[PDB]
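Asks: File name protein-v4.pdb; file contents PDB, C-alpha atoms (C1' of nucleotides); full text below.
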ATOM      1  CA  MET A   1      77.740  90.675  69.112
ATOM      2  CA  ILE A   2      78.929  92.467  72.265
ATOM      3  CA  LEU A   3      79.631  96.198  72.499
ATOM      4  CA  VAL A   4      82.380  96.465  75.121
ATOM      5  CA  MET A   5      82.592 100.038  76.434
ATOM      6  CA  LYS A   6      85.425 100.971  78.775
ATOM      7  CA  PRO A   7      84.637 104.239  80.620
ATOM      8  CA  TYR A   8      87.547 106.663  80.451
ATOM      9  CA  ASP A   9      85.794 108.661  83.187
ATOM     10  CA  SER A  10      82.888 108.387  85.598
ATOM     11  CA  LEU A  11      79.333 107.996  84.318
ATOM     12  CA  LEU A  12      76.038 109.613  85.290
ATOM     13  CA  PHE A  13      72.458 108.395  84.893
ATOM     14  CA  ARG A  14      70.013 111.030  86.079
ATOM     15  CA  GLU A  15      67.587 110.260  88.880
ATOM     16  CA  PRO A  16      63.877 110.958  88.272
ATOM     17  CA  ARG A  17      64.004 113.908  90.674
ATOM     18  CA  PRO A  18      64.963 117.169  88.922
ATOM     19  CA  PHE A  19      68.428 118.600  89.480
ATOM     20  CA  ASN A  22      66.881 124.438  91.683
ATOM     21  CA  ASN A  23      67.631 121.275  93.671
ATOM     22  CA  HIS A  24      71.429 121.245  93.579
ATOM     23  CA  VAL A  25      71.685 117.794  95.186
ATOM     24  CA  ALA A  26      71.696 114.930  92.687
ATOM     25  CA  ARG A  27      72.039 111.155  93.042
ATOM     26  CA  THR A  28      72.905 108.364  90.612
ATOM     27  CA  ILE A  29      71.427 105.001  89.642
ATOM     28  CA  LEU A  30      72.506 101.962  87.665
ATOM     29  CA  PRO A  31      72.488 102.334  83.858
ATOM     30  CA  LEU A  32      69.049 101.998  82.292
ATOM     31  CA  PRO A  33      68.249 100.176  79.033
ATOM     32  CA  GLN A  34      66.692 103.324  77.563
ATOM     33  CA  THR A  35      69.883 105.273  78.317
ATOM     34  CA  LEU A  36      72.238 102.740  76.720
ATOM     35  CA  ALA A  37      69.882 102.228  73.762
ATOM     36  CA  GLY A  38      70.491 105.815  72.667
ATOM     37  CA  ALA A  39      74.239 105.182  72.641
ATOM     38  CA  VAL A  40      74.023 102.155  70.338
ATOM     39  CA  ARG A  41      71.449 103.821  68.076
ATOM     40  CA  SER A  42      73.899 106.731  67.751
ATOM     41  CA  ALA A  43      76.579 104.303  66.517
ATOM     42  CA  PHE A  65      67.397  96.672  65.685
ATOM     43  CA  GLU A  66      66.950  95.323  69.217
ATOM     44  CA  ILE A  67      69.178  95.150  72.294
ATOM     45  CA  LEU A  68      69.192  91.877  74.218
ATOM     46  CA  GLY A  69      70.499  93.616  77.331
ATOM     47  CA  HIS A  70      73.623  94.784  79.100
ATOM     48  CA  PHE A  71      75.894  93.388  81.809
ATOM     49  CA  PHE A  72      79.184  94.461  83.352
ATOM     50  CA  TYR A  73      82.530  93.077  82.238
ATOM     51  CA  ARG A  74      85.769  92.567  84.156
ATOM     52  CA  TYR A  75      89.040  91.877  82.324
ATOM     53  CA  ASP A  76      91.585  90.873  84.986
ATOM     54  CA  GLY A  77      93.863  88.398  83.249
ATOM     55  CA  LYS A  78      90.741  86.702  81.920
ATOM     56  CA  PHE A  79      87.656  88.419  80.514
ATOM     57  CA  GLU A  80      84.354  87.688  82.262
ATOM     58  CA  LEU A  81      80.786  88.998  82.190
ATOM     59  CA  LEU A  82      78.780  89.765  85.331
ATOM     60  CA  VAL A  83      75.012  90.088  85.652
ATOM     61  CA  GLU A  84      73.128  91.506  88.618
ATOM     62  CA  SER A  85      73.195  89.137  91.570
ATOM     63  CA  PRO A  86      69.888  87.222  91.756
ATOM     64  CA  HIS A  87      67.725  87.901  94.789
ATOM     65  CA  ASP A  88      67.550  84.109  95.146
ATOM     66  CA  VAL A  89      71.154  84.043  96.398
ATOM     67  CA  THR A  90      71.539  84.930 100.083
ATOM     68  CA  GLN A  91      74.519  86.302 102.006
ATOM     69  CA  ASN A  92      75.921  82.806 102.610
ATOM     70  CA  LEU A  93      75.389  81.875  98.928
ATOM     71  CA  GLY A  94      72.412  79.775 100.000
ATOM     72  CA  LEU A  95      69.629  79.423  97.463
ATOM     73  CA  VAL A  96      66.040  80.064  98.565
ATOM     74  CA  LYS A  97      63.320  77.746  97.299
ATOM     75  CA  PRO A  98      59.559  78.333  97.645
ATOM     76  CA  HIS A  99      58.097  75.411  99.570
ATOM     77  CA  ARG A 100      54.424  75.334 100.512
ATOM     78  CA  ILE A 101      52.674  73.881 103.556
ATOM     79  CA  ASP A 102      49.259  72.363 102.869
ATOM     80  CA  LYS A 103      48.434  72.346 106.593
ATOM     81  CA  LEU A 104      48.473  76.149 106.443
ATOM     82  CA  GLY A 105      48.195  76.218 102.640
ATOM     83  CA  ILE A 106      50.867  78.909 102.278
ATOM     84  CA  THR A 107      54.162  79.061 100.375
ATOM     85  CA  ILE A 108      57.324  80.518 101.914
ATOM     86  CA  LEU A 109      60.832  80.926 100.497
ATOM     87  CA  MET A 110      63.026  78.731 102.695
ATOM     88  CA  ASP A 111      66.817  78.970 102.508
ATOM     89  CA  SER A 112      67.374  75.490 104.035
ATOM     90  CA  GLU A 113      69.326  77.335 106.742
ATOM     91  CA  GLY A 114      66.750  79.839 108.042
ATOM     92  CA  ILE A 115      63.268  81.233 107.443
ATOM     93  CA  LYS A 116      64.421  84.864 107.046
ATOM     94  CA  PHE A 117      67.100  86.119 104.666
ATOM     95  CA  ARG A 118      68.376  89.165 102.806
ATOM     96  CA  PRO A 119      69.288  89.520  99.116
ATOM     97  CA  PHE A 120      72.989  89.269  98.307
ATOM     98  CA  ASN A 121      74.235  92.388  96.551
ATOM     99  CA  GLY A 122      76.995  92.136  93.958
ATOM    100  CA  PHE A 123      77.276  90.367  90.617
ATOM    101  CA  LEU A 124      77.245  86.797  89.307
ATOM    102  CA  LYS A 125      79.435  85.648  86.427
ATOM    103  CA  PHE A 126      78.103  83.798  83.393
ATOM    104  CA  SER A 127      80.440  80.913  84.241
ATOM    105  CA  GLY A 128      78.638  80.843  87.586
ATOM    106  CA  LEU A 129      75.270  81.619  86.017
ATOM    107  CA  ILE A 130      75.319  78.386  83.996
ATOM    108  CA  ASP A 131      75.602  76.405  87.236
ATOM    109  CA  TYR A 132      73.205  78.721  89.095
ATOM    110  CA  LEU A 133      70.187  77.693  87.013
ATOM    111  CA  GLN A 134      70.854  74.118  88.186
ATOM    112  CA  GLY A 135      70.501  75.210  91.822
ATOM    113  CA  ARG A 136      74.193  75.351  92.785
ATOM    114  CA  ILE A 137      76.666  78.238  93.028
ATOM    115  CA  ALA A 138      80.326  78.484  94.029
ATOM    116  CA  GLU A 139      81.987  81.163  96.138
ATOM    117  CA  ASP A 140      84.447  82.042  93.358
ATOM    118  CA  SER A 141      81.543  82.533  90.919
ATOM    119  CA  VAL A 142      80.324  85.760  92.581
ATOM    120  CA  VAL A 143      81.827  89.236  92.931
ATOM    121  CA  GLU A 144      80.912  91.896  95.483
ATOM    122  CA  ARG A 145      79.618  95.292  94.390
ATOM    123  CA  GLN A 146      82.594  97.159  95.867
ATOM    124  CA  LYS A 147      84.973  95.228  93.580
ATOM    125  CA  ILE A 148      83.137  96.171  90.352
ATOM    126  CA  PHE A 149      82.308  99.887  90.746
ATOM    127  CA  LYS A 150      81.733 102.557  93.387
ATOM    128  CA  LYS A 151      79.779 105.778  93.881
ATOM    129  CA  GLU A 152      81.708 109.059  93.732
ATOM    130  CA  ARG A 153      80.364 112.369  95.050
ATOM    131  CA  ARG A 154      81.421 115.764  93.675
ATOM    132  CA  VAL A 155      80.719 118.969  95.606
ATOM    133  CA  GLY A 156      81.058 122.615  94.631
ATOM    134  CA  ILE A 157      80.871 121.848  90.919
ATOM    135  CA  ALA A 158      79.846 125.344  89.808
ATOM    136  CA  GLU A 167      77.697 131.965  95.230
ATOM    137  CA  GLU A 168      74.815 129.476  95.084
ATOM    138  CA  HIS A 169      75.407 127.783  91.704
ATOM    139  CA  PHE A 170      77.263 124.906  93.396
ATOM    140  CA  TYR A 171      75.573 121.528  92.935
ATOM    141  CA  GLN A 172      76.743 118.166  94.271
ATOM    142  CA  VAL A 173      76.471 115.239  91.851
ATOM    143  CA  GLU A 174      76.978 111.520  92.459
ATOM    144  CA  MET A 175      78.431 109.418  89.638
ATOM    145  CA  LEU A 176      79.497 105.834  88.960
ATOM    146  CA  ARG A 177      83.262 105.237  89.089
ATOM    147  CA  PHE A 178      84.182 101.920  87.496
ATOM    148  CA  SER A 179      87.094  99.711  88.471
ATOM    149  CA  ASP A 180      90.442  99.872  86.693
ATOM    150  CA  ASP A 181      89.803  96.784  84.531
ATOM    151  CA  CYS A 182      86.004  96.901  84.222
ATOM    152  CA  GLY A 183      83.329  98.399  82.023
ATOM    153  CA  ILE A 184      79.896  97.963  80.463
ATOM    154  CA  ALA A 185      79.147  95.177  77.984
ATOM    155  CA  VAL A 186      76.035  95.601  75.829
ATOM    156  CA  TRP A 187      74.644  92.317  74.512
ATOM    157  CA  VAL A 188      72.974  92.896  71.135
ATOM    158  CA  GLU A 189      71.747  90.330  68.622
ATOM    159  CA  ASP A 190      74.218  89.668  65.800
ATOM    160  CA  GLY A 191      71.697  90.870  63.182
ATOM    161  CA  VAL A 192      73.106  94.416  63.188
ATOM    162  CA  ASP A 193      76.514  95.827  62.296
ATOM    163  CA  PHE A 194      78.252  99.195  62.591
ATOM    164  CA  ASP A 195      81.663 100.728  63.285
ATOM    165  CA  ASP A 196      83.934  98.311  65.132
ATOM    166  CA  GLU A 197      86.024 100.507  67.444
ATOM    167  CA  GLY A 198      85.912 104.140  68.485
ATOM    168  CA  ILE A 199      84.865 106.620  71.162
ATOM    169  CA  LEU A 200      81.268 107.618  71.886
ATOM    170  CA  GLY A 201      79.488 109.738  74.475
ATOM    171  CA  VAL A 202      77.044 108.116  76.896
ATOM    172  CA  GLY A 203      75.428 108.766  80.263
ATOM    173  CA  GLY A 204      74.351 112.098  81.724
ATOM    174  CA  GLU A 205      76.771 115.029  81.638
ATOM    175  CA  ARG A 206      78.990 115.128  78.562
ATOM    176  CA  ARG A 207      81.289 112.143  79.136
ATOM    177  CA  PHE A 208      82.632 109.527  76.742
ATOM    178  CA  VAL A 209      83.720 105.886  76.707
ATOM    179  CA  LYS A 210      85.787 103.779  74.319
ATOM    180  CA  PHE A 211      83.680 101.145  72.559
ATOM    181  CA  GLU A 212      84.818  98.032  70.697
ATOM    182  CA  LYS A 213      82.954  95.213  68.954
ATOM    183  CA  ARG A 214      83.783  91.823  70.487
ATOM    184  CA  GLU A 215      82.462  88.463  69.328
ATOM    185  CA  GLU A 216      80.394  86.194  71.552
ATOM    186  CA  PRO A 217      82.606  84.779  74.342
ATOM    187  CA  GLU A 218      82.708  81.125  75.381
ATOM    188  CA  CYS A 219      80.290  81.844  78.247
ATOM    189  CA  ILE A 220      77.269  82.392  75.991
ATOM    190  CA  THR A 221      78.287  79.402  73.862
ATOM    191  CA  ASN A 222      78.455  77.184  76.957
ATOM    192  CA  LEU A 223      75.084  78.511  78.130
ATOM    193  CA  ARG A 224      73.536  77.730  74.738
ATOM    194  CA  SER A 225      75.069  74.241  74.763
ATOM    195  CA  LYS A 226      73.759  73.484  78.268
ATOM    196  CA  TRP A 227      70.371  75.065  77.509
ATOM    197  CA  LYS A 228      69.084  71.751  76.141
ATOM    198  CA  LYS A 229      70.084  69.871  79.298
ATOM    199  CA  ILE A 230      68.672  72.512  81.642
ATOM    200  CA  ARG A 231      65.433  72.627  79.622
ATOM    201  CA  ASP A 232      65.165  68.840  79.880
ATOM    202  CA  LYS A 233      65.674  69.137  83.643
ATOM    203  CA  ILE A 234      62.978  71.828  83.835
ATOM    204  CA  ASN A 235      60.566  69.683  81.818
ATOM    205  CA  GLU A 236      61.182  66.551  83.888
ATOM    206  CA  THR A 237      60.963  68.333  87.257
ATOM    207  CA  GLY A 238      57.837  70.358  86.446
ATOM    208  CA  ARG A 239      59.341  73.486  88.030
ATOM    209  CA  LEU A 240      60.388  76.729  86.343
ATOM    210  CA  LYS A 241      62.291  79.794  87.542
ATOM    211  CA  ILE A 242      62.361  83.138  85.731
ATOM    212  CA  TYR A 243      65.406  85.297  86.488
ATOM    213  CA  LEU A 244      65.182  88.948  85.420
ATOM    214  CA  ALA A 245      68.650  90.131  84.414
ATOM    215  CA  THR A 246      67.213  93.493  83.279
ATOM    216  CA  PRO A 247      64.345  95.682  84.515
ATOM    217  CA  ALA A 248      60.977  94.814  82.991
ATOM    218  CA  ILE A 249      57.823  96.905  82.581
ATOM    219  CA  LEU A 250      55.289  94.087  82.913
ATOM    220  CA  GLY A 251      52.235  96.339  83.316
ATOM    221  CA  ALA A 252      49.485  95.730  80.758
ATOM    222  CA  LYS A 253      47.033  98.537  81.579
ATOM    223  CA  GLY A 254      48.845 100.146  84.504
ATOM    224  CA  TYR A 255      52.117  98.845  85.935
ATOM    225  CA  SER A 256      52.378  95.900  88.316
ATOM    226  CA  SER A 257      54.762  93.122  89.307
ATOM    227  CA  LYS A 258      52.065  90.478  88.772
ATOM    228  CA  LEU A 259      53.008  87.890  86.149
ATOM    229  CA  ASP A 260      50.219  87.415  83.617
ATOM    230  CA  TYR A 261      49.511  83.779  82.792
ATOM    231  CA  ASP A 262      49.096  84.577  79.086
ATOM    232  CA  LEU A 263      52.757  85.578  78.759
ATOM    233  CA  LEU A 264      53.901  82.266  80.242
ATOM    234  CA  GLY A 265      51.417  80.349  78.089
ATOM    235  CA  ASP A 266      53.068  81.643  74.912
ATOM    236  CA  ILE A 267      56.317  79.760  75.591
ATOM    237  CA  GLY A 268      54.404  76.461  75.788
ATOM    238  CA  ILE A 269      53.179  76.313  79.411
ATOM    239  CA  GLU A 270      49.851  74.474  79.310
ATOM    240  CA  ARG A 271      48.918  75.579  82.836
ATOM    241  CA  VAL A 272      50.410  77.185  85.943
ATOM    242  CA  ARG A 273      49.667  76.209  89.548
ATOM    243  CA  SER A 274      51.322  78.861  91.738
ATOM    244  CA  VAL A 275      53.490  81.953  91.267
ATOM    245  CA  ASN A 276      56.000  83.155  93.879
ATOM    246  CA  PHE A 277      57.794  86.381  92.921
ATOM    247  CA  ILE A 278      60.557  87.996  94.974
ATOM    248  CA  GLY A 279      62.207  91.263  93.964
ATOM    249  CA  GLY A 280      62.861  94.734  95.302
ATOM    250  CA  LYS A 281      61.514  98.272  95.201
ATOM    251  CA  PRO A 282      60.171  99.045  91.700
ATOM    252  CA  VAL A 283      62.368 101.291  89.572
ATOM    253  CA  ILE A 284      60.492 104.480  88.673
ATOM    254  CA  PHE A 285      61.872 106.204  85.595
ATOM    255  CA  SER A 286      60.992 108.532  82.734
ATOM    256  CA  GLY A 287      62.791 110.591  80.114
ATOM    257  CA  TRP A 288      62.802 113.786  78.087
ATOM    258  CA  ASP A 289      61.481 112.968  74.609
ATOM    259  CA  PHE A 290      63.296 115.288  72.204
ATOM    260  CA  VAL A 291      60.895 114.364  69.385
ATOM    261  CA  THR A 292      57.868 115.816  71.196
ATOM    262  CA  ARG A 293      59.930 118.249  73.336
ATOM    263  CA  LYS A 294      58.026 116.905  76.359
ATOM    264  CA  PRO A 295      58.942 114.394  79.077
ATOM    265  CA  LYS A 296      57.935 110.782  78.594
ATOM    266  CA  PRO A 297      55.290 109.225  80.869
ATOM    267  CA  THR A 298      56.560 107.987  84.217
ATOM    268  CA  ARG A 299      56.920 104.197  84.203
ATOM    269  CA  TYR A 300      57.381 101.609  86.954
ATOM    270  CA  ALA A 301      59.487  98.525  86.239
ATOM    271  CA  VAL A 302      60.334  95.382  88.185
ATOM    272  CA  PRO A 303      63.931  95.764  89.445
ATOM    273  CA  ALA A 304      66.614  93.593  87.890
ATOM    274  CA  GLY A 305      67.599  90.462  89.780
ATOM    275  CA  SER A 306      64.027  89.628  90.787
ATOM    276  CA  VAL A 307      63.120  85.955  90.423
ATOM    277  CA  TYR A 308      59.746  84.302  89.837
ATOM    278  CA  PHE A 309      59.015  80.678  90.723
ATOM    279  CA  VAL A 310      56.313  78.988  88.644
ATOM    280  CA  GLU A 311      54.969  75.430  88.864
ATOM    281  CA  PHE A 312      54.292  74.989  85.164
ATOM    282  CA  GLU A 313      52.324  72.237  83.439
ATOM    283  CA  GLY A 314      53.545  70.506  80.299
ATOM    284  CA  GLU A 315      56.879  71.632  78.878
ATOM    285  CA  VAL A 316      58.757  74.717  77.697
ATOM    286  CA  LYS A 317      58.921  75.087  73.913
ATOM    287  CA  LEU A 318      61.452  77.940  74.010
ATOM    288  CA  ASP A 319      64.639  77.072  72.119
ATOM    289  CA  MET A 320      66.723  79.823  73.758
ATOM    290  CA  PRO A 321      67.766  80.326  77.403
ATOM    291  CA  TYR A 322      66.704  83.998  77.260
ATOM    292  CA  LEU A 323      63.314  85.577  76.585
ATOM    293  CA  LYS A 324      61.886  89.090  76.452
ATOM    294  CA  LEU A 325      59.057  90.164  78.758
ATOM    295  CA  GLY A 326      56.873  93.232  79.103
ATOM    296  CA  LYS A 327      57.163  96.239  76.808
ATOM    297  CA  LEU A 328      60.143  98.125  75.366
ATOM    298  CA  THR A 329      61.982  94.810  74.983
ATOM    299  CA  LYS A 330      63.873  96.210  71.981
ATOM    300  CA  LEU A 331      65.705  98.745  74.171
ATOM    301  CA  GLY A 332      67.014  96.037  76.511
ATOM    302  CA  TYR A 333      64.113  95.557  78.921
ATOM    303  CA  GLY A 334      62.784  92.311  80.356
ATOM    304  CA  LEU A 335      65.640  89.944  79.523
ATOM    305  CA  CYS A 336      64.933  86.799  81.546
ATOM    306  CA  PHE A 337      66.722  83.466  81.926
ATOM    307  CA  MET A 338      65.250  80.048  82.692
ATOM    308  CA  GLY A 339      66.274  77.985  85.702
ATOM    309  CA  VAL A 340      65.471  74.711  87.420
ATOM    310  CA  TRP A 341      64.791  73.858  91.057
TER     311      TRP A 341
ATOM    312  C1'   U B   1      83.689 130.095  93.638
ATOM    313  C1'   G B   2      84.610 134.758  95.699
ATOM    314  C1'   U B   3      86.951 137.492 100.644
ATOM    315  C1'   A B   4      91.099 135.547 104.620
ATOM    316  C1'   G B   5      98.971 137.066 107.389
ATOM    317  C1'   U B   6      99.763 130.500 112.041
ATOM    318  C1'   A B   7      99.429 135.359 114.431
ATOM    319  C1'   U B   8      99.479 137.643 119.588
ATOM    320  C1'   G B   9     101.891 136.993 124.994
ATOM    321  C1'   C B  10     107.579 134.541 126.693
ATOM    322  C1'   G B  11     115.194 137.458 128.871
ATOM    323  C1'   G B  12     119.123 131.062 127.032
ATOM    324  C1'   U B  13     118.362 132.479 132.172
ATOM    325  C1'   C B  14     119.955 130.298 137.461
ATOM    326  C1'   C B  15     124.571 128.133 139.994
ATOM    327  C1'   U B  16     130.313 128.735 140.402
ATOM    328  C1'   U B  17     137.698 132.614 143.809
ATOM    329  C1'   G B  18     142.431 131.933 138.161
ATOM    330  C1'   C B  19     143.423 129.575 141.937
ATOM    331  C1'   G B  20     146.800 125.969 145.659
ATOM    332  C1'   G B  21     152.229 125.864 147.519
ATOM    333  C1'   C B  22     157.852 127.577 147.124
TER     334        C B  22
END
Represent the supplied structure as structure tokens.
Replies:
Amino acid sequence: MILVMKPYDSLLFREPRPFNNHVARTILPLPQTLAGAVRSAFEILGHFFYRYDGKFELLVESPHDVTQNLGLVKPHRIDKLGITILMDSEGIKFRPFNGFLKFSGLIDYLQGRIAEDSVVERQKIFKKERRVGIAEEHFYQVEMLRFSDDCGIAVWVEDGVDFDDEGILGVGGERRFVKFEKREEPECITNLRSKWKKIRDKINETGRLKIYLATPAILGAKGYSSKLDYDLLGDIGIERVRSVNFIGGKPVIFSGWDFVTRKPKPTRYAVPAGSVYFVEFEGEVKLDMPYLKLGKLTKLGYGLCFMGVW
RNA sequence: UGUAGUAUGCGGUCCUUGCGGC
């Protein structure tokens, strides 16, 4: 089941900093923010963007593996120095490629190949819009997310829940609203599920595994850290792990105002979406699905990760 | 948001036979 929400207006997701600070910024939608919308209409698998321009397609955050020239980076290790570096096969230094990757390109991406037409830049999906003088000194400037003409937010939720099909509901920060409809699973997820067996066989035969985080994950057990615990990987069937090479970005620091306790929630650090881990696993993967949940708060749409080969 | 005059200063001037011849 997919909740397709077209924003009639701009959307706001409050930054952790308070806003007498009139200046205010905006961030990408958070799983805790969108979870409240669906619960106002169970677990949430995650959320992507959707673009309906002639055809309807779903876009996830561009993996940090992909470079500017659409060149994949693989972690290769030198035993002479005994150190592993992420080589792009065209240079030793690289930068992450911002934008979004389609599911139709994602299916091929996990095999180690990507096409130019399978990616979309960030400027073609949504932009940031600044408003000044909103309301002698009461004026505050607020940045919001302005979506494209034929684009919106798709929320991927397991088909075990049901509710009203179509309507209008309020989401985000300030009192805005979007039009939501219930759409069945597109052919992209079906194709991914069909090719999951082949890609899992490739992963098993090659002895290499890649974890791609399509959503932010709070992996911290006692505190909060980007380190990948071996116990979590052992649950899926990994007998042993040799080396772990994680590449991501600045951790997303977020909290919230808990209305139940009338007090703010504890501040939490999460691994940013699009980060990729490379793991040299031993044995085979027993997972029967191409998507798994990691960390805590996985019900709200946190820690959705895909499997890939290299 | 509230308050706020595209306004002040500048000459359509200078130059020219209503003549030439019966």
Asks: Kindly give the distance, in Å, that separates CA of residue 144 (chain A) and CA of residue 131 (chain A), rounded to a single decimal.
Replies: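 Between CA of residue 144 (chain A) and CA of residue 131 (chain A) the gap is 18.3 Å.
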Asks: Excluding region 41-78 of chain A and any residue of its chain fewer than 4 positions from it, enumerate the residues within 8 Å of it, using all atoms listed in the file, and give them as number ranges by chain.
Replies: A: 4, 33, 37, 82-84, 148, 181-189, 191-192, 194-195, 200, 246, 329-333, 335
Asks: Could you take the residues named above and write them with C-alpha atoms, as a compact mmCIF listing (two decimals), in the frame of the given file?
Replies:
# COMPACT_ATOMS: atom_id res chain seq x y z
CA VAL A 4 82.38 96.46 75.12
CA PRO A 33 68.25 100.18 79.03
CA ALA A 37 69.88 102.23 73.76
CA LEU A 82 78.78 89.76 85.33
CA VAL A 83 75.01 90.09 85.65
CA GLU A 84 73.13 91.51 88.62
CA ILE A 148 83.14 96.17 90.35
CA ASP A 181 89.80 96.78 84.53
CA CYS A 182 86.00 96.90 84.22
CA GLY A 183 83.33 98.40 82.02
CA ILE A 184 79.90 97.96 80.46
CA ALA A 185 79.15 95.18 77.98
CA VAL A 186 76.04 95.60 75.83
CA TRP A 187 74.64 92.32 74.51
CA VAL A 188 72.97 92.90 71.14
CA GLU A 189 71.75 90.33 68.62
CA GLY A 191 71.70 90.87 63.18
CA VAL A 192 73.11 94.42 63.19
CA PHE A 194 78.25 99.20 62.59
CA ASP A 195 81.66 100.73 63.28
CA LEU A 200 81.27 107.62 71.89
CA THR A 246 67.21 93.49 83.28
CA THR A 329 61.98 94.81 74.98
CA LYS A 330 63.87 96.21 71.98
CA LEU A 331 65.70 98.74 74.17
CA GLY A 332 67.01 96.04 76.51
CA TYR A 333 64.11 95.56 78.92
CA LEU A 335 65.64 89.94 79.52
Asks: Within 10 Å of region 228-237 of chain A, counting all atoms listed in the file, which residues show up once you throw out same-chain ones fewer than 2 positions away? Write them as a PyMOL selection string, please.
Replies: chain A and resi 130-131+133-134+223-226+239-241+311-321+338-341
Asks: Restricting the calculation to all atoms listed in the file: of B:14, B:2, B:8, B:22, which residue gets closest to chain A?
Replies: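 Residue with the minimum atom-to-atom distance to chain A: B:2.
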Asks: Expand the PyMOL selection byres ((chain A and resi 147) around 10) into the explicit residue set it covers here, and present it as a tab-separated table (two decimals) with C-alpha atoms, keeping the file's coordinate frame.
Replies:
chain	number	residue	atom	x	y	z
A	74	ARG	CA	85.77	92.57	84.16
A	122	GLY	CA	77.00	92.14	93.96
A	123	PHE	CA	77.28	90.37	90.62
A	143	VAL	CA	81.83	89.24	92.93
A	144	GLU	CA	80.91	91.90	95.48
A	145	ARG	CA	79.62	95.29	94.39
A	146	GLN	CA	82.59	97.16	95.87
A	148	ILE	CA	83.14	96.17	90.35
A	149	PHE	CA	82.31	99.89	90.75
A	150	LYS	CA	81.73	102.56	93.39
A	178	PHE	CA	84.18	101.92	87.50
A	179	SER	CA	87.09	99.71	88.47
A	180	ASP	CA	90.44	99.87	86.69
A	182	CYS	CA	86.00	96.90	84.22
Asks: Expand the PyMOL selection byres ((chain A) within 10 of (chain B)) into the individual residues it matches in the shown file, reporting them as a list in words.
Replies: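 Checked against the file, the PyMOL selection byres ((chain A) within 10 of (chain B)) matches residues 156, 157, 158, 167, 168, 169 and 170 of chain A.
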Asks: Figure out the distance between CA of residue 34 (chain A) and CA of residue 198 (chain A), please, to one decimal in Å.
Replies: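 CA of residue 198 (chain A) sits 21.3 Å away from CA of residue 34 (chain A).
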Asks: Go through A:9, A:215, A:80, A:113 and flag the residue nearest residue 96 (chain A), using all atoms listed in the file for the distances.
Replies: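 Ranked by minimum distance to residue 96 (chain A), first place goes to A:113.
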Asks: Starting from the PyMOL selection byres ((chain A and resi 174) around 8), expand the selection into actual residues of this file and give them as a ChimeraX atom specification.
Replies: /A:12,26-28,151-154,172-173,175-176
Asks: Distance CA of residue 111 (chain A)-CA of residue 139 (chain A), one decimal place?
Replies: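 A separation of 16.6 Å between them.
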Asks: Can you pull out every residue within 10 Å of residue 117 (chain A), counting only C-alpha atoms (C1' of nucleotides), but drop anything in the same chain fewer than 5 positions away, and send it as a count of residues only?
Replies: 10
Asks: Around all listed atoms of region 5-21 of chain B, padded 6 Å per side, what centre and edge lengths does the axis-aligned box have in Å to one decimal, as JSON?
Replies:
{"center_x": 125.6, "center_y": 131.8, "center_z": 127.5, "size_x": 65.3, "size_y": 23.8, "size_z": 52.1}
Asks: Compile the contact shell of residue 260 (chain A) as an NGL selection string: residues with an atom at most 12 Å away, counting all atoms listed in the file, same-chain residues fewer than 2 positions apart removed.
Replies: :A and (250-253 or 255-258 or 262-266 or 271-272 or 274-275 or 308 or 310 or 325-326)
Asks: Since the input is missing atoms for region 235-245 of chain A, could you rebuild it with N, CA and C atoms and give the result as a PDB file, keeping the file's coordinate frame?
Replies:
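Output (selection.pdb):
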ATOM      1  N   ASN A 235      61.726  70.443  82.269  1.00  0.00           N
ATOM      2  CA  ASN A 235      60.566  69.683  81.818  1.00  0.00           C
ATOM      3  C   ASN A 235      60.311  68.475  82.710  1.00  0.00           C
ATOM      4  N   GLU A 236      61.370  67.756  83.088  1.00  0.00           N
ATOM      5  CA  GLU A 236      61.182  66.551  83.888  1.00  0.00           C
ATOM      6  C   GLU A 236      60.787  66.876  85.324  1.00  0.00           C
ATOM      7  N   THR A 237      61.265  67.994  85.872  1.00  0.00           N
ATOM      8  CA  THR A 237      60.963  68.333  87.257  1.00  0.00           C
ATOM      9  C   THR A 237      59.658  69.103  87.423  1.00  0.00           C
ATOM     10  N   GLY A 238      59.084  69.626  86.341  1.00  0.00           N
ATOM     11  CA  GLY A 238      57.837  70.358  86.446  1.00  0.00           C
ATOM     12  C   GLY A 238      57.927  71.676  87.181  1.00  0.00           C
ATOM     13  N   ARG A 239      59.129  72.226  87.334  1.00  0.00           N
ATOM     14  CA  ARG A 239      59.341  73.486  88.030  1.00  0.00           C
ATOM     15  C   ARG A 239      60.128  74.433  87.138  1.00  0.00           C
ATOM     16  N   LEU A 240      59.765  75.713  87.178  1.00  0.00           N
ATOM     17  CA  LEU A 240      60.388  76.729  86.343  1.00  0.00           C
ATOM     18  C   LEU A 240      60.740  77.944  87.187  1.00  0.00           C
ATOM     19  N   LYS A 241      61.876  78.566  86.879  1.00  0.00           N
ATOM     20  CA  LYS A 241      62.291  79.794  87.542  1.00  0.00           C
ATOM     21  C   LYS A 241      62.649  80.827  86.488  1.00  0.00           C
ATOM     22  N   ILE A 242      62.080  82.019  86.619  1.00  0.00           N
ATOM     23  CA  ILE A 242      62.361  83.138  85.731  1.00  0.00           C
ATOM     24  C   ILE A 242      63.286  84.090  86.472  1.00  0.00           C
ATOM     25  N   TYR A 243      64.445  84.379  85.890  1.00  0.00           N
ATOM     26  CA  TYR A 243      65.406  85.297  86.488  1.00  0.00           C
ATOM     27  C   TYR A 243      65.521  86.532  85.607  1.00  0.00           C
ATOM     28  N   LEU A 244      65.192  87.692  86.169  1.00  0.00           N
ATOM     29  CA  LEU A 244      65.182  88.948  85.420  1.00  0.00           C
ATOM     30  C   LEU A 244      66.558  89.590  85.527  1.00  0.00           C
ATOM     31  N   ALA A 245      67.345  89.487  84.456  1.00  0.00           N
ATOM     32  CA  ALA A 245      68.650  90.131  84.414  1.00  0.00           C
ATOM     33  C   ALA A 245      68.568  91.616  84.088  1.00  0.00           C
TER      34      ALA A 245
END
